[PDB]
Amino acid sequence: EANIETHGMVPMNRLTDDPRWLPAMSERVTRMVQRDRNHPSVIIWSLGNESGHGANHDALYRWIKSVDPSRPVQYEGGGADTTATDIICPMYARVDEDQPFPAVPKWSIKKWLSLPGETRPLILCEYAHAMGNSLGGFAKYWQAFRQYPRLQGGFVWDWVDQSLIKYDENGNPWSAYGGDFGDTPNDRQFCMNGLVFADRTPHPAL
Amino acid sequence: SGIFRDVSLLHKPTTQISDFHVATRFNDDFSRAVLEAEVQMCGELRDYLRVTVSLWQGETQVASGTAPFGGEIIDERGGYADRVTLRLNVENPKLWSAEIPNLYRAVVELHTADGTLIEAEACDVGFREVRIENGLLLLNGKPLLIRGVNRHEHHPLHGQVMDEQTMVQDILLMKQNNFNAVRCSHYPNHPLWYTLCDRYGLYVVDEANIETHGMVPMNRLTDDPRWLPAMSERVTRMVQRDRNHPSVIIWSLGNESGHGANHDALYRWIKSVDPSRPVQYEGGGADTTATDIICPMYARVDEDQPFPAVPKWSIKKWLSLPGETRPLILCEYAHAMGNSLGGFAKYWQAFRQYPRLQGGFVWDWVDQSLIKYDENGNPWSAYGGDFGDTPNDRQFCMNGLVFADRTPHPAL
Ligand code: NA
Ligand code: NA
Ligand code: NA
Ligand code: NA
């Protein structure tokens, strides 16, 4: 995945729809493909994450398709099914329940496949948000993946808690999140979404 | 068996209207319509002969056209000298639908050039466009949601003889219980039925009288070209009879006859002769090349039924199978045998959530019970083998939302 996320912009595609930022975005995509295109484990290129959908995405999608046709390109931003992705790749679309947000709805993944004119496979780039005591309803996803041919799985969010170690005054280490370093404004425990702890000990969800 | 519909004498002149077709074409917002009436004559062609086609709404004549016989050039040999096609413009036509069944009256006059009437024929015209576009069945540009029921022609005292009073009672009860569509399971109905559906507002699936369900396999006759002439008359004579009715929105090739090459042939025949209506056919797995609509019977909402060559996928799953783009409308679902219709709300949740799930037709409208009489004279409702008839299938003829006297079951 290219090193491009402009999530804090308002709207999200404010830079990715601007041709002044097309040269900077183009180097994040093209230098990734030039570096990693011989690795067999890389099967899909991603244009980045949470940067809306802009014309720069469409351009860099087509660049990758011209330079390396051996790998699909995916990109979730701007509604998970834009012209910049070969795969319907939503984040946290539910199995049976629609979430009808105004310009970027998250249809239920069963419903999304049969929308008129939709033919791509669907692979969730993020699903089953493993924040703390979580992964409830995980079996519903895997029932749906096994039943529906174009539901070809997805990527759990995510592998490892992003906790950092701090030390108490007696020397004992402890796992720290968010604003435990004086860092403000922070987002507290939202960095810990892992199936495993930061020392790679498994959570029960694993 | 027997002579179970009307018998009539019709006197025509020797020079006569022998056929007429009414088509309606629209612009993209349906604000201008062209009525195209093709009229064919039989008998002596005279140069004085004329056809006038007039369009009437209530009492006001909206469009008229007068032309001698003579079609446009068709091929190297010419055109039909015994046909004439009139095109009438209608500005802002009142469109037909099941919600608002706006009807015009078309009159087709065969008359001489000095104005002497030879013979008139006529039909009700409903201006509507039925089309499948981007995987959805549209009526007048809007995606339909089919609230349908299958309806046999059954009367508990008269058997299979239909009368206007029972037809009107069925249509009223259907509309009063929020049905908008009826499937003619599984044959062309009495001719009055389509008139009443035109006037009251029901979408009709008009179905050829072809079911070979008892064959082994089911397509043993329908895949045999020796039976193609017999099947071809059941389809072509239905389309020639009923193609001017606006309530008929879909043609059906029949029911439960497998999938044979004769189905593919007759599908393509209808598509060539009448492109204004989709063709559907369930047999051979509900999604063959002989149907424009995925039209399974009793496919479940969420549960697959993976039968070996004719699986019934869950209707949500069926829509997204690779290469599948058609709308899905169950030709039969929610089998209303006795105390039934459990799980009916699951279907209607699925129909409302999924755009290409455009509804279906409940099996079925009326119990096929017949009345017998006990020794003291009291009537009672009889099924299956209550007439000494064997082999029989007992109470399986009673699958209705209403009793045979049209009293509602609780499922209605
Ligand atoms: Na799958
Ligand atoms: Na997070
Ligand atoms: Na629907
Ligand atoms: Na039955």
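Counting starts at 1 for both ligands and their atoms, following the listed order. Chain naming here is simple, since letters A, B, ... match the order of the sequence lines and numbering starts at 1 in each.
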**Q** Quick check: are there more than 12 heavy atoms from other residues, nucleotides or ligands sitting under 6.0 Å from CG of B:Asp374?
**A**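 Buried by this count: over 12 neighbours within 6.0 Å.
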
**Q** Examine all N, O or S atoms of A:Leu151, backbone included, and report whether one is under 3.0 Å from the Na ion (ligand 1).
**A**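 Of the N, O and S atoms in A:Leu151, at least one lies under 3.0 Å from the Na ion (ligand 1), which means yes.
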
**Q** With the Na ion (ligand 4) at the apex, how many degrees lie between OD1 of B:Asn399 and O of B:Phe396, rounded to 10 degrees?
**A**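 Seen from the Na ion (ligand 4), OD1 and O are separated by roughly 80°.
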
**Q** Would you mind telling me which of B:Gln280, B:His186, B:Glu207 makes a side chain to side chain donor-acceptor pair (under 3.5 Å) with B:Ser252?
**A**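 Testing each of B:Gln280, B:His186, B:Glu207 against B:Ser252, the sole residue satisfying side chain to side chain donor-acceptor pair (under 3.5 Å) is B:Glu207.
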
**Q** In terms of heavy-atom contacts, does CZ of A:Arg120 have more than 12 from other residues, nucleotides or ligands at under 6.0 Å?
**A**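 Enclosed.
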
**Q** Checking only N/O/S atoms, does A:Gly153 have one that is under 3.0 Å from the Na ion (ligand 1)?
**A**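 For A:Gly153, the answer is no, given that no N, O or S atom comes within less than 3.0 Å of the Na ion (ligand 1).
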
**Q** Assess A:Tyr148: does it contribute an N, O or S atom lying under 3.0 Å from the Na ion (ligand 1)?
**A**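 Yes - counting backbone and side chain alike, A:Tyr148 has an N, O or S atom under 3.0 Å.
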
**Q** Working to the nearest 0.5 Å, report the span between CG of B:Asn134 and OG1 of B:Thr325.
**A**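 These two atoms lie 8.5 Å from each other.
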
**Q** So, is B:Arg352 placed with an N/O/S atom under 3.0 Å from the Na ion (ligand 3), counting both backbone and side chain?
**A**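 False for B:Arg352.
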
**Q** So B:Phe387 and B:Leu370, do their side chains get closer than 4.5 Å, heavy atoms only?
**A**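 The answer is yes, as the side chains (C-beta and beyond) meet within the 4.5 Å cut-off.
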
